[PDB]
Each structure stands twice: as C-alpha cells, then as structure tokens.
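What follows is a short report on a single structure.
Bear in mind these aren't lab numbers, they're just calculated from the coordinates by the rules spelled out. Neighbour counts are summed over all protein chains in view; Cβ atoms, including those assigned to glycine, are modelled from backbone coordinates with ideal geometry.
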Amino acid sequence: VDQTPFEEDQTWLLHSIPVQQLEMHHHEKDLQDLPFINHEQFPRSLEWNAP
Amino acid sequence: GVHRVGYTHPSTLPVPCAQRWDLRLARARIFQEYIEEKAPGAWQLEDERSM
Amino acid sequence: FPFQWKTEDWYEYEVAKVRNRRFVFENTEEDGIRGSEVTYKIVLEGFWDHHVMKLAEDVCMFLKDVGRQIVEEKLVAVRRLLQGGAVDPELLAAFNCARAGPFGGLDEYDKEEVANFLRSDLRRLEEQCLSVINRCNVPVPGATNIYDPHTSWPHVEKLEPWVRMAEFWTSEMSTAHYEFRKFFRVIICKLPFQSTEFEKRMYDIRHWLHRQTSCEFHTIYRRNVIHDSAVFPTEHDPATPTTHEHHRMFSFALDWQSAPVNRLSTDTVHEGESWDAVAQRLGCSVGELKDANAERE
Amino acid sequence: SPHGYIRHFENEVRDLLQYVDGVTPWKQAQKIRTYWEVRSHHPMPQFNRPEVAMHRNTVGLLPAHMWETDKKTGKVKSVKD
Amino acid sequence: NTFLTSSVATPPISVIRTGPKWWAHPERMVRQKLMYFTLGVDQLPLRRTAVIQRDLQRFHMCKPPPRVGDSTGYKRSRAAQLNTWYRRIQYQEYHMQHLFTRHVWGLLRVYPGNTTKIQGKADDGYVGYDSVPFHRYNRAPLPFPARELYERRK
Amino acid sequence: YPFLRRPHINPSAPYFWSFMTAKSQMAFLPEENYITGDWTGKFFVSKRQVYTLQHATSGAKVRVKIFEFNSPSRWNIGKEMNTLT
Amino acid sequence: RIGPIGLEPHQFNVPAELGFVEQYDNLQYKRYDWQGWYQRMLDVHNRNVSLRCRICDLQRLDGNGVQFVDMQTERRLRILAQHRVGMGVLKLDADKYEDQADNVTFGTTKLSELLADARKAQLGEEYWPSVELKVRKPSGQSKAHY
Amino acid sequence: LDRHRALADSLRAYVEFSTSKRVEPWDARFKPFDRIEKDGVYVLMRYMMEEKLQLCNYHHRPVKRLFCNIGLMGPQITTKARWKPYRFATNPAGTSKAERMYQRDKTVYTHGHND
Amino acid sequence: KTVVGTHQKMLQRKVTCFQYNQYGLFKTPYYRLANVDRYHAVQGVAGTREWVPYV
Amino acid sequence: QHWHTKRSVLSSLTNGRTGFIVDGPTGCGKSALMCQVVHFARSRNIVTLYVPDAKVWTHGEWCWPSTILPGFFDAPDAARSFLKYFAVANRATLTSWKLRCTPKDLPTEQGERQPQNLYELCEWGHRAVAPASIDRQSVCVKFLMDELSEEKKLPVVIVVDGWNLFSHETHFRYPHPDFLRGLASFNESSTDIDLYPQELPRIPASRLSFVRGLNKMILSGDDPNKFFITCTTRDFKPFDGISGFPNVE
Amino acid sequence: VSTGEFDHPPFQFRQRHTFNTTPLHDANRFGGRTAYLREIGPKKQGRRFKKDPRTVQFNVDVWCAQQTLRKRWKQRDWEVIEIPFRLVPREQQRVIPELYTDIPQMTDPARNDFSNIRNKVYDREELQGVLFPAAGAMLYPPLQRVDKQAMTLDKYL
Ligand SMILES: Nc1nc2c(ncn2[C@@H]2O[C@H](COP(=O)(O)OP(=O)(O)OP(=O)(O)O)[C@@H](O)[C@H]2O)c(=O)[nH]1
Ligand SMILES: [Mg+2]
C-alpha cells in the first residue's frame, strides 16, 4: 500500500513532514567539510574528464 | 491517491512480455542495488536548484 | 528561425548533454583525425601559463619526430605485407570456426578470401599511417599551429586552470584574497596501432620535464573481451522468482554469490545409463559427449 | 582489496559477522536492553507529542495513583517514593 | 487582505522619496489605475503623478551645473517653486490612494489591518488579534473573537 | 561561526522523550551504561549514561562529574543525566 | 590489439575500449621515504578503468549463426543498464578494487553478467521488455456517458 | 524533590490540555467561514462532521485535517480561509476574552501547551 | 532472506556488545579537531576566516 | 429562431452535431463572443440557458449531494443564482411554459402558490429561506432538466462559458467513508482522518445534477431542438517547468 | 519562466509592517509555511535552526520542490501501462533509449512528425482492442472525429 504524489498544495502543507534542524549531511560531500572548507586531495581541473 | 501496487505475471497476459519490476529485480541482482521497502511513492522531489 | 521550443524538451536536452559528456568512443575504425586505434592524452600541469605553454611546444616537437619515426617503420611493414605474404593457418581457422555462417551452415573460407580480408584492413592502415606522416611534416617554424588537429600531429588541447581562492584575516581588521592556481595543457596523440615502443617513449618524458612542472598520462586503447556463454549462460527464469526480500540491506554479502556461478563440469554415470542416456540427462548431443570423453570408449 | 563504499566489501562483511558471533556468547548479549525496555519502568513512558496526534491523549494515560493533588486548584502537591 | 498585523506609519515625504522603487513603481501604479477605472472615475491625479515621475527619472542621472552666483534670488526661487508644486500633487495622490482603497474595502467586506480606520464601518482604529491584548490607542480590552465589521452571509 | 559545531557542549512536558535524547527507542543504550572490559573502577561516570531501574533499585554509588545522587526515584528512568541536572 | 580470442561458437568476441590513468610524481615525491605511500595514493585514486563498448559492435553474428544482439536484446540491455548506456555506448566504470588489474577483471564479469541477462530476449517473447505507453484518461466524450 | 513534583504537574497539565475543549480555530470574518450558520460550511459541519469535531475537542491541527478529508469544500478550505493563530487557537472553550491567553499558568513547563 | 526473526535480533545484540567491548574505538567525528596548525600554536576554528583549508 | 423549416440547413452547419464549441488561445474572443450570443438570442425572444462562468459550478465554494438523485451532487450556491437569473431573463417565455412532466404535490408552505409555469417553478426553487433553499434547488434543477428535455417545439439555446470545466473533474473530491460510518472514539477506531490528510478520487462533472441534464440532451438523439453554442476557458495558472510561491501582492 | 519567489530573504534587524517592508517571518510568505520557523516573541537546538541561513534556505528548496511536483502531477492526464511490443503502434516499434541517455528523439521524421516520443500520449479509445480484449463489449464509445472537408459554419457555408 503506497500513496501517489499529491496534486493540491494544502495536502503538502498539512502533512506531518519534519523540517531540517541539525546540520545536513551528504554521503560523499562529508569528506569535504563545508563549502568554505571544501577539501581537494589532488589539484585537478574541474573540467577534467576521466578516460 | 492511496492504492496498492499491482503486478501482472506474463502467464496472465494474452501477449506475454517481460514486466518492469522483474527487470528492476534483474537490475538489482547484477549491480547489487538496495531496495528500500518503506520508500514512499509520494516523496519524489527533484533537486530543482541543480536539475 | 526564430527559435521557440517547449520547455520540457529543453529540460531534457540540458540534462542529457552533461550526463553524456564522457560517453564517447575515441578509437573508431574510420578516417583521419577523428578515427584511431589508441589515444594518448598527456595532461601537463604547471604553476604558470607560459610554463605549460612552452612545455607543450617542447613535448609536441619531441612526439612529432618520434611519432613520425614509429609510423614510418610501421609504414614500411604494411607495404611489405601488401606486396605479398602467406596467410596464417591460425588465422584461416579463425574464419572457419562458427557452426552456421551468414549463408547457412559452415562458411568455408579459402586462402584467397582470408587474405582478402587482411588486405582490406591493411589498405585502411596505409591511409591512416599516411595521415599521421603528412601532418607531422606540416608545422615548419615559419608557420606553425600546434593547437589545430588538421595541421600538426600531435595537437595541444586547452584545459581550464584549477584555481581555488582563500579568504583569511590579515590581522578582524581586513580580509586577504589569495588564490592557489595551476594551468593545464593536454596533448592528444592518436595512433592507428598499439605500439609499446611509443608507450615506452611517452612514459619517459617525466624525466626531462620543466621546473616545478608535472604530468599524468591517459591511455585509451582497444582490447578484445570474450563473453563466454558457457561460463555466463542465458538461462530461463526460475519457477520461484526472487523478491525484494533478497535485495535488503546487507543482502549483497549474505544472499548473493559473486558472478559467475559455478556449474559442475564433472558427473558420475548411473546404473542403467548409456551414451544417449547421459547426453539426454546432460541436455547435450551424444557426439558432443564423446568428444569431451574420447578417453573412454 | 576493496576500496570506497561498504557495498564493495562483500567478503569482509561476511568475515566480520561470522567472527562477531564466534567470540560472543549469548549469556553476554542478553543483558543489553533497548530504550523502550528501560522506559517501561517509568510510571508513564508513553504519551503523544504535539506534532501529529496530541488530541488522542486521555485521562487514563496519567499515573494518578502515585501522586496527591490539591482540592482547590487541581495541581500536583506531592510525589510518592 | 491577509496583512492583519500591527503596522508603523511613515511620513508622506519618505514615501515619495523612494521614487521608482515603491511609490512610482510601474507595476504598482498600473493596478492603482484599475481601481479607479473599475469605479468609473477619472485617474487625473494619478496620471499627472506619473507624467511628472516619468520625466523626473529621465534626467535623474544628470549632475546639476554649479550655481556660479546670482544677484537676485530668481531662478533658485523658481526651481524651488516647481519643486514644491510637484510634491503637493504627489501628496494628493498619496491621499487619493488611501481614501479610495479604504472605500473599496468597505464594499468588498474585506477586513483591514490593525489600527486602520474605514470611514463607513469603523471610525476608530479596528484592531484584530493583536499581540497587545488591549487597544493600543483607545485603552479598551479586545474581545474574543475579533470585531465583526460586516454582516454574515456572503 | 559554523552551525552547531561548538567544541564545548531544560524541562519540557510534551517533548520529554525527544529533547536531549535518542531519536529512536529501538536503539540500544549507549556504551557508558555497560562495562567494556576489566576495570579497576571509575571515579566518575559520563553524563550521557541513561538512568535505568537498577540505578534507583540498587543505589550503591552514583558519581557524575561533582554530583552524587542520593535521591532514588522512578521519574528519572528512561533519560540520561544531562536532563537530570 | 591485445586480448583473448575465442574460436568456439559459445564465445563471442567484443571489441571494447579501456581508458585508464597512470600518474607518477617527479617534482617532490619522486623519491624519499614518502614515495611509498604517495605512489600508492596516486594508484588508488587512479583505480578507475572505463570499459566502453558500442552496441553496434555487439550486433554481429554469433557462432551458431544467430545474431548476438538483436533489437529486443538491446531493448533489454538499455533497461538493465539505465545510466550506464549513453549515446549508443555501454560504459562501465570499475571502482571496486584498489589496483586497476582487478578492476579490469571485475569490469569484465559485470559486462558478461549484463550481456547474459540481455540475451534472454532471444529465448522468447515472454522476455521481451514491455513498451511503456502513456495512455490517456478516458476523454470528455466518454465521460459524458457517466 | 520538587522537580519530580513539577514534572508530574507539567505532564498533568499537558494531558488536561489534550482532553479539554478549545474554541473554534476558524476565524468567522473571512471567506467562506463568514457565512450564516444555516448555509454553506456550517450546514456541512452540522450534519456530516458534527461528531468528528466534538471528539477531537476543536484543536486546530485535527479540525483542519478533517476539513481536508471531507473533500466537499477542498482544497481551498484551508488556504483561502484565514485561521486563528497558534497562540489564539490554544485557548480553551468559552474564552470570550483576549486576557485568557495571558491568564494561564506560567509555572508549568508545557511549552505553551497549558490551558 | 536467510537471516530473519530471532536470528536477526540476536545478531544485532551480539554486534552491539562487540561494538561496546572495544576500548578505544575512534568514534570522534572529523571536524572536532581538524583545525590544528603545524608551524605555530595559534588555534583557529574551521568554517571561519581564521583557517585556510588547502595549506 | 425558425428551426423547423431550416432543419437541414442547421444540420449541415453543425455537421450533424448538437452545437459548436469555441476554442483558441487564452485571452481571445471566447467569453466576449459568448456574451454576444445571448445578446443575439434574447433580443430575438429565444429562451436561453446562460452559464456566465463555469467555475462557479465546478470550482465552487462547497459541494452537496443531491437530495432526490442517488449518487449525484449539487453546487447549491451556483444553483440558486442560476435559478434566480434565468427566471428574470426569460420571464416572457417561461410564463407561457406549461408544466408537462412535473408533479403537482410539491412541498409548499402557507401563503405560497403551487407552480403552474416554468417561471413559477424556478421561483419556487431559489426564493426560499436557508437552509430550506439547499434541498429545494435539487428538486427544482432536476425537474427543470426534465421539463426542458421533453420540449420538442420551442428552440432552447444553451450557452456555456468554459465547457472544458464541464468535460472533466470538478475540483471537489469525495468525502472519506469514516465521516459517514460513525465513530465512538478516535484512539480506538483504526482511522487517521484527524491525523493525516489524503487525496480521494476526484468527482467528475458528469455526477452533477446540472450537467446530468445537459449530457442527457446531448447524447440522446431525440432532441433536434437544443443548440449548444459553447466555448472553453484557458484561465489556468502558468507553469513552465518550475514553480515557486506566488507573491500575494 | 516562473515569477514566483524561490530564495529566502536574508537576515538583518527586525523588520516592521511598513511600505515595501514585510516582517521576516509572516503568514503571507510561502503560503504560511514560515510558521514552523517563526518566533512570536519580539531549547538551544530548537532556537538556532530558525536563524541559520543554510537551514532556512533548504526548507524553502523543499517547499518549492513540492510545488514543482504537484503541478507536474496535475498536468498528467494520462497513466503508464506496460503494453507488449507486438500490440504497440508503429511509432513505438523502435529502440527507445532511456531518459537522459541520448538526444531527445523525434517520433518519426520520415512521416513529418517531429515530436518527442517521451511526451506522446495515446487516447484510451484507440487501444480498446489491446487493453480490453477480455470484455468484448466495447466499454468505451468510439471517438467522434469531425470531418475537416465538410462545409460547416467556419467555412462560410
Ligand atoms: N467589446 C469587446 N471586447 C472584446 C472582444 N473580443 C475580445 N475582447 C476583449 O478581450 C478580452 C478577452 O475576453 P475573453 O473572451 O473573456 O478572453 P478568453 O478567451 O475567454 O480568456 P480565457 O477565459 O482565459 O480563456 C476581454 O477582456 C475583452 O475586453 C469583442 O469582440 N468585443
Ligand atoms: Mg473566458
């Protein structure tokens, strides 16, 4: 038993959805600590294509 | 709205064909994909800042 | 004209263009500068933009004179192979290997047709070896452009510099904005054959690089892969199919074996079995069973 | 040797879990309790939070046998040991 | 109207000094014409407000020449004469907007913000669901629920 | 300052089990409420050890870094010592 | 072109590309006591090998005379490899093991496992992947009969 | 000794807050709740949703979700109609004054959930 | 599918005391002391302008 | 206006259909043409059913089930305004309209006359006190649509602004079955109607009593008398791939 | 192109209800969704997430993604039914790549039909022989298509 995505705005509003409270986490953007403390191991270019 | 997800076996259809769920199970068999059971069908939110 | 579109086609276009960035087949069986057999990319890295630019003139002139020599000694080998030679019997057995051909049954290729197929591929090899040599004789120092693929071999490709800035206090008084940066030049070497003499020469350019300038090597080569339909067979789906309960968390280690699955190549003959009864039980031909078991009559 | 995510460690997860029950007796692992098993010794562990279903709390969810309240205002006067 | 909070009043010279940002914003000025055009009245102080501010924004990047000196105060007093005339027109349209939108709000049965006077319905400041439980300026306690200014059925 | 990254780390009735406590009740008790190996005895226990029934039943020594709890009761069971002080 | 060659009819030859990065230091980490872990750190970071093969090269005849990949085979292949197929080229990026030699072996068995399940479409129509049609709701003419 | 008493006192006030009846959380000035008691929304509440609102005791979160699932006036029942604020909807039944929200007890720790 | 029910609950309890018996298990997050300077003793805080992440 | 002699002409104009639907982009002359048709027809003293905007019926304030029609619904506030203005518009023709299939035992309070005309029937429906006007319109609209579908002699032009709203689902949804089932308490009833909202299937426009009488005259071929010159509306909100929140001012 | 608000207003001193100035957490902004993160008065873990700029921006990014989802699902007047390859029409007898795999494919350029296959919607009254072969009673009526060559009112006859 599953539910379709809603079509009205008040159903998205009144549904029991919690908001973000603590610091958000990503599965691969956590080795890099923050966007200000973005850690890079090797100084490759950002347009570097892997062969 | 709230419904039950259905499945049709190829032996039931008048023209048999491979369904999309057993192809998903075949894709999950090869690449070892974790299938979350309580993943809600209503919560399909795109990252619209990037996409 | 003018360009007006539906937005969801534009939403599909911009996502498909970035996700298919490195979905490119470099070594294609084709014409000149697009087509090749092996592709070498040497990414040169230095702290100043004129340091990597002057190195890219030093390495390209090195790889031009070396790359002309290795193609020329390959060109003298193709023109001897095109003048005449004897066909390999291992090559002749490779064409007469399939059971059913395109025309039904065994396609018996003779010594003329197999020698015709290598002649059709060596005629392609001459036109690709002459494309490298004629582009290696173009960049005279009077008029040279090593950034264009049609003029010089190899050509130098631009790559944007990695630049990362730092924002720190100069003391809560003021903020300093200094950036680490290093510049890149990529050298694309496309050879229509795999030669280890050029790979040895390409790897040894690290020993005479410029000051505070390093490099890394990219190698895109063609390699034959065998899909064994006996080790990896095409089987019907089982009677009781798998569900989502076999694909839970930590089911990648506890429920599934690694590919491939072991299938027994040994069997024991039962009581009343014959040569046609074991072949019926094994689902094979009786002549196929005797060929693997030629020891026992 | 696998590298990166835990999904690439098939044998090492298998070699750990067999080693986990190999050294551990069940006489030791029975004493570890969860949070709700400890909370059952409270006079009242369970009541609704005001996010979803706070209106379903009834007066029978209160442990009224372990306190004494005043007769005038209705607030709790004392606690029982 | 969904702006029902207590507000802070501003002098009218600080409103007009915004200019093209809020006072003479073109998206705001066009929907003030549609209020007067619906009621069938002339938009005469609104158009002459817009004609002045159309030409005021046209030269607003130009630097004035240095006034080298006059024996009599004639062009200085004349330039201030036209400048005080342009403010009195925009003072009228600032009053013409606040008069008409409160007259429209008395017709459409729409409740205003806190401490806002509508001449037909509530001569005093109508206060509804304030943080302060009493009247801010009349010193009377507010009842629960809010004061009904209109009749019931739509 | 970064958000809630300070190195140096209150009663509420409707948020009693969800303020300064674990997210889930199915999760086990932390490491501070169990004996890891052979010990000679600790001078203090940590403040993130959840008060159980055996804390008020036995009541031998409660040493919180100081705080010595000589008032055993049943209202403390189910939450750690951060909310008890 | 290196690689094994199968002459048996149960072995198909797939001409495929392999792209990899080899990087060696020559400025600071060329030789000292830090060269041991830095060169290993460069090899583990460059553990990726890209196994690329065109679907057009897979549409050849097998040893039994039948085609290796037909239309229904690549229709099953594009669904089993959703984002791994792009612009007619099946690309496999192997990143499981630290050394590139084991990633070529892990990439080869993942290609052969993907090809073997896509080859079920040659068995019958019951393994042909179904077409997903966005069929409309019943129209206003049919809704008038309600 | 008094912290155990104040915890049981705050938990008692939260449960009696959950049991007591509140005032109508909808504001009777705005559309469509402005209409008369014998037409419109109040007809649908009197004959279909009369026991549904009386059992949940007129708290603002259940009665808005009962307006969602009743379907015969949504989805514009919740967004178009202005509701009472959060501190105003927590007032008990028979409030009739603006001083009652500050009249409640400040000693308990119900985090704004006391009558 | 192989391990379900009581075999799952006893394995989770066996892996919990195996987690708790390891004296010295480094469960400290990385950002707690990722601000240590090597040339001087000046202590900064990661996230602000008193620290640079590359050097 | 004289259709019985020009019947083969009118059948060739509509290509045998019952009427015309006018479709185009947003903001063109769709509703501006539809108000001209009632100006053309009511000046030629023809009885006209004019729906000035279909979003009062489908996207209305509140929905109520029909009293005499099982499984059907009503827009009561849209119906009382429809039954009011249609009586005043064609009072010259509806007073001459004799009730053929209409029961004469209608409920009637003291001082009111039983309706003998179709003008008197519509004034019986909308002119009442609340809440007695809610069930009176459901009886009146059903008996109006029954009286119009039997008339084969007088031309009745039916003009609808926004027929595309009558061709798909109204924005109302069906009520949850727990509201009509009855409950003793909320804690033990196996329900979450006060806990989580959910989207029921949407009610189509064919289940409305007003559109039921319209679709009865359209599909049944025994009415070569009603001409449905209608149009559509494109008054929907814009959405071009992404959507934030609309600014209230 | 959409004219709705996407970003959150930044933090400054406490705004008042003035001309061109709304308070920072009001019921008008984002449809009243700022009541979860507002403060009425003019616990440390429950106070600082209301003032963090990255935290309040992420919640509006969720709410705008919810508004993007409900308008994309309200546009759907169709549903996806897995139809086998044999009973499918001629324009679906080709090899269809997945999403974001290839160039956006035209349907059939040979028949001068340049449109995306992924947005193709088929009417249900066309596929009654495929979707319902077991009924045999024609549950849906045939679609009445108007004659384009017939002289009607739009062609001045
Ligand atoms: N007087 C007059 N005005 C017209 C005429 N045609 C268009 N208009 C103007 O065009 C505007 C559009 O009118 P509508 O017919 O309501 O637009 P629409 O096509 O119905 O728009 P939607 O309801 O969103 O589909 C009106 O406001 C009129 O002012 C006309 O023939 N006469
Ligand atoms: Mg219109």
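Of the residues that sit in segment J:218-241 and are surrounded by fewer than 19 Cβ atoms within 10 Å (Cβ to Cβ) and within 12 Å of ligand 1 (Cβ to nearest atom), which one is farthest from J:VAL156 (Cα to Cα)? Selected residue: J:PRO238.
Tallying residues that are in contact with a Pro (Cβ under 8 Å, 6 or more places away or on another chain), part of a loop (DSSP other than H, G, I, E, B) and closer than 13 Å to H:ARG12 by Cα within segment D:49-81 yields 1.
For K:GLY136, indicate whether it is more than 9 Å from every other protein chain (Cβ to nearest Cβ), in a helix (DSSP H, G or I) and exposed (fewer than 14 other Cβ atoms within 10 Å of the Cβ). Spell out the reasoning first.
Numbers: more than 9 Å from every other protein chain (Cβ to nearest Cβ): yes; in a helix (DSSP H, G or I): no; exposed (fewer than 14 other Cβ atoms within 10 Å of the Cβ): yes.
Answer is no for this residue.
Could you identify the single residue in C:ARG185, C:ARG263 that is more than 8 Å from every other protein chain (Cβ to nearest Cβ), touching a strand residue (DSSP E or B) at 6+ places or on another chain (Cβ under 7 Å) and of a type in the set (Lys, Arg)? Even if it seems obvious, please write down each step before you answer.
Numbers: C:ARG263 fails: touching a strand residue (DSSP E or B) at 6+ places or on another chain (Cβ under 7 Å).
Selected residue: C:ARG185, the only one of C:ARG185, C:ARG263 that is more than 8 Å from every other protein chain (Cβ to nearest Cβ), touching a strand residue (DSSP E or B) at 6+ places or on another chain (Cβ under 7 Å) and of a type in the set (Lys, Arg).
Taking the conditions (1) more than 7 Å from every other protein chain (Cβ to nearest Cβ); (2) outside any loop (DSSP other than H, G, I, E, B) in turn, G:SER50 satisfies each one other than (1).
Being assigned to a helix (DSSP H, G or I), within 14 Å of another protein chain (Cβ to nearest Cβ) and crowded, with 17+ Cβ neighbours inside 10 Å is the requirement here; does C:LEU118 meet it? It would help to see each step written out before you state the result.
Working: assigned to a helix (DSSP H, G or I): yes; within 14 Å of another protein chain (Cβ to nearest Cβ): yes; crowded, with 17+ Cβ neighbours inside 10 Å: no.
Taking the combined requirement at face value, the residue does not satisfy it.
So which residues in segment J:15-28 are away from ligand 1 (no atom under 13 Å from the Cβ), over 23 Å from the mean Cα position of the chain (by Cα) and of a type outside the set (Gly, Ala, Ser)? Spell out how you get there, then give the answer.
Applying the first criterion (away from ligand 1 (no atom under 13 Å from the Cβ)) to segment J:15-28 yields J:15-20.
Then drop every residue that is not over 23 Å from the mean Cα position of the chain (by Cα), which leaves J:15-16.
Hit for segment J:15-28 is J:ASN15, nothing else.
Among residues belonging to segment G:66-116 that are in a helix (DSSP H, G or I) and facing chain C (nearest Cβ under 8 Å), point out the one that is surrounded by the most Cβ atoms within 10 Å (Cβ to Cβ). Residue satisfying both the conditions and the ranking: G:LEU115.
Only one of these is more than 26 Å from H:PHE67 (Cα to Cα) and away from ligand 1 (no atom under 16 Å from the Cβ): J:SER31, J:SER81, J:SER12, J:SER66. Name it.
On the way: J:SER31 fails: away from ligand 1 (no atom under 16 Å from the Cβ); J:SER81 fails: more than 26 Å from H:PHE67 (Cα to Cα); J:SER66 fails: more than 26 Å from H:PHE67 (Cα to Cα).
None of the other options fit; the residue is J:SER12.
One line per residue, one yes/no per condition, for (1) surrounded by fewer than 21 Cβ atoms within 10 Å (Cβ to Cβ); (2) at negative phi; (3) of a type outside the set (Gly, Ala, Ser); (4) within 16 Å of ligand 2 (Cβ to nearest atom):
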site: J:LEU13; (1), (2), (3), (4): yes, yes, yes, no
site: J:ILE21; (1), (2), (3), (4): yes, yes, yes, yes
site: J:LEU33; (1), (2), (3), (4): yes, yes, yes, yes
site: J:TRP57; (1), (2), (3), (4): no, yes, yes, yes
site: J:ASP74; (1), (2), (3), (4): no, yes, yes, no
site: J:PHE82; (1), (2), (3), (4): no, yes, yes, no
site: J:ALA89; (1), (2), (3), (4): yes, yes, no, no
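Of the residues examined, J:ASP53 is one that is within 13 Å of ligand 1 (Cβ to nearest atom), within 23 Å of J:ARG173 (Cβ to Cβ) and not aromatic (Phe, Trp, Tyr). Scanning segment F:3-48 for residues that are more than 17 Å from the chain's Cα centre (by Cα) and basic (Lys, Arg), we see that the one that is surrounded by the fewest Cβ atoms within 10 Å (Cβ to Cβ) is F:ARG6.
A single member of C:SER265, C:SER274 is under 20 Å from C:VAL231 (Cβ atoms), exposed (fewer than 13 other Cβ atoms within 10 Å of the Cβ) and of a type in the set (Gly, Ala, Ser), and it is C:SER265. Of all residue pairs spaced 6 or more apart or on separate chains, those with beta-carbon atoms under 8 Å, a first member in segment E:19-39 that is of a type in the set (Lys, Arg) and a second member that is surrounded by 11 or more Cβ atoms within 10 Å (Cβ to Cβ) are E:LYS21/K:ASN20; E:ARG28/E:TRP22; E:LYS33/E:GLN43; E:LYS33/E:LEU46. Looking at segment C:200-214, is at least one residue more than 14 Å from chain G (Cβ to nearest Cβ) and either touching a helix residue (DSSP H, G or I) at 6+ places or on another chain (Cβ under 9 Å) or loosely packed, with under 14 Cβ neighbours inside 10 Å (or both)? Yes, segment C:200-214 contains at least one residue that is more than 14 Å from chain G (Cβ to nearest Cβ) and either touching a helix residue (DSSP H, G or I) at 6+ places or on another chain (Cβ under 9 Å) or loosely packed, with under 14 Cβ neighbours inside 10 Å (or both).
Look at segment J:216-242: where a residue is within 30 Å of K:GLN67 (Cα to Cα) and a partner is more than 16 Å from ligand 1 (Cβ to nearest atom) and assigned to a loop (DSSP other than H, G, I, E, B), sitting 6+ places away or on another chain with Cβ atoms under 7 Å, you get J:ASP240/K:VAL1; J:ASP240/K:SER2; J:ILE242/B:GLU48; J:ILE242/K:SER2.
Taken over segment K:55-108, the criterion of being farther than 24 Å from G:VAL135 by Cβ and not β-branched (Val, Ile, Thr) is satisfied by K:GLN57, K:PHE58, K:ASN59, K:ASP61, K:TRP63, K:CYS64, K:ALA65, K:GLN66, K:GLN67.
When C:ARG206, C:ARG201, C:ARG124, C:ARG185 are checked against the criterion of being of a type in the set (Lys, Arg) and within 12 Å of C:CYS60 (Cβ to Cβ), C:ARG185 stands alone in meeting it. I:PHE18 meets all of the listed conditions (1) farther than 29 Å from C:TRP256 by Cβ; (2) within 12 Å of chain F (Cβ to nearest Cβ) but one, namely (1).
Those strands (runs of 3 or more DSSP E) of segment K:21-130 in which 3 or more residues are touching a strand residue (DSSP E or B) at 6+ places or on another chain (Cβ under 7 Å) and over 28 Å from A:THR11 (Cα atoms) occupy K:113-116. Only a single item in (1) out of contact with any helix residue (DSSP H, G or I) (no Cβ under 7 Å at 6 or more places or on another chain); (2) within 14 Å of chain B (Cβ to nearest Cβ) is not met by K:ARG111, and it is number (2).
So which residues in segment J:216-237 are within 11 Å of chain K (Cβ to nearest Cβ) and within 16 Å of ligand 2 (Cβ to nearest atom)? Those that are within 11 Å of chain K (Cβ to nearest Cβ) and within 16 Å of ligand 2 (Cβ to nearest atom): J:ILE229, J:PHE236, J:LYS237.
Of all residue pairs spaced 6 or more apart or on separate chains, those with beta-carbon atoms under 8 Å, a first member in segment J:32-58 that is over 19 Å from J:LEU214 (Cα atoms) and a second member that is assigned to a helix (DSSP H, G or I) are J:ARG42/J:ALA89; J:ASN45/J:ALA92; J:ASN45/J:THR93.
Look at G:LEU61 and say whether it is surrounded by fewer than 21 Cβ atoms within 10 Å (Cβ to Cβ), over 17 Å from the mean Cα position of the chain (by Cα), within 23 Å of B:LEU25 (Cβ to Cβ) and of a type in the set (A, V, I, L, M). For G:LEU61, the condition - surrounded by fewer than 21 Cβ atoms within 10 Å (Cβ to Cβ), over 17 Å from the mean Cα position of the chain (by Cα), within 23 Å of B:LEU25 (Cβ to Cβ) and of a type in the set (A, V, I, L, M) - is not met. Checked against (1) within 16 Å of ligand 1 (Cβ to nearest atom); (2) surrounded by fewer than 18 Cβ atoms within 10 Å (Cβ to Cβ); (3) of a type in the set (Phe, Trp, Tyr), J:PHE166 passes all but a single condition, namely (2). If the condition is being among the β-branched types (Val, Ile, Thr), in a loop (DSSP other than H, G, I, E, B) and within 14 Å of chain H (Cβ to nearest Cβ), then segment J:10-63 contributes only J:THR58.
Listed by position, the helices (runs of 4 or more DSSP H) inside segment H:1-110 whose residues that are closer than 24 Å to D:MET44 by Cα and away from chain J (no Cβ under 14 Å) number at least 1 are H:2-19. When C:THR240 is tested against (1) of a type outside the set (D, E, K, R); (2) surrounded by 13 or more Cβ atoms within 10 Å (Cβ to Cβ); (3) under 30 Å from B:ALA26 (Cα atoms), just one condition goes unmet, and that condition is (2).
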